[PDB]
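[1] here is the sequence, then the experimental structure:
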Amino acid sequence: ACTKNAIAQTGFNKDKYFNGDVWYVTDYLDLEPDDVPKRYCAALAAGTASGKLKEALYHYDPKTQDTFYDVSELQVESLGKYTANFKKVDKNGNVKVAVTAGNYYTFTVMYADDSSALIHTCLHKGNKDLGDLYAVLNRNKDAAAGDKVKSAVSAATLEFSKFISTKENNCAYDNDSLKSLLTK
């Protein structure tokens, strides 16, 4: 189960974050480890498509090769805090698992600037019991975390030394598919 009410960034700039471009996860913190594998790759695109707030997700396990994409419609709870359904799709947006009640995640942008961000997410999926996940994002898949986002980690009363990096997994991303999935 999740335990955190993450606080959104003061003065969060939604149009800058949701500008249609890709964000790479560079570092993550799972509060119930063994939720996820230690070695992992993830990225998303975030934007408005025909008036609708959307995210597209990509997950890849670099050892098992498990791979999946998702498309989500985001509903606003408050500035910087969203509830997102998800549908599992192939890379072209063809539906594999339809949207359903109880399959959703919350998404809070705790810090963002033009190049980096800190988010919290609470995933709900059927029967599963999942805990809080934090992620450090960058526009550059290889960027070491800078002082602005590391300070935000500290201000959230978290220790960046606890986060696991994704940078040594040889992850390669199809950014074109993530961008096109925003419309699907």
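    Right, received. Where do you want to start? Residues are numbered from 1 along each chain as shown.

[2] residue contacts, residue 148?
    111, 113, 116 (Cβ atoms under 8 Å, 6 or more residues apart in numbering). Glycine gets a C-beta too; all of them are placed from N, C-alpha and C.

[3] quick one: buried ones out of these?
    111, 116 (16 or more other Cβ atoms under 10 Å).

[4] ok, of the contacts of residue 148, which one's closest to residue 67?
    Set against residue 67, the nearest of these by Cβ to Cβ is residue 116 (25.5 Å).

[5] count of neighbours near the residue lying closest to the closest one once chain neighbours are set aside?
    The shortest distance from residue 116 to any non-neighbouring residue, by Cβ to Cβ, 6 or more residues apart in numbering, is to residue 149 (4.4 Å). Using other Cβ atoms under 10 Å, residue 149 is surrounded by 23 other residues.

[6] and the strand or helix carrying residue 149, C-alpha only, in CSV?
    Applying DSSP states H and E as the criterion places residue 149 in helix 147-155. Provided in CSV are the C-alpha atoms of helix 147-155 (Å, rounded to 0.1, in the frame of the first residue of the first chain):
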residue,chain,number,x,y,z
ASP,A,147,21.6,20.1,-7.6
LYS,A,148,18.1,21.4,-8.3
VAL,A,149,16.5,18.0,-8.4
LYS,A,150,18.7,16.6,-5.6
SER,A,151,17.7,19.5,-3.4
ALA,A,152,14.1,18.7,-4.2
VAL,A,153,14.7,15.1,-3.0
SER,A,154,16.1,16.4,0.2
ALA,A,155,13.2,18.9,0.6
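
[7] which positions in that helix come out as buried?
    149-150, 152-153.
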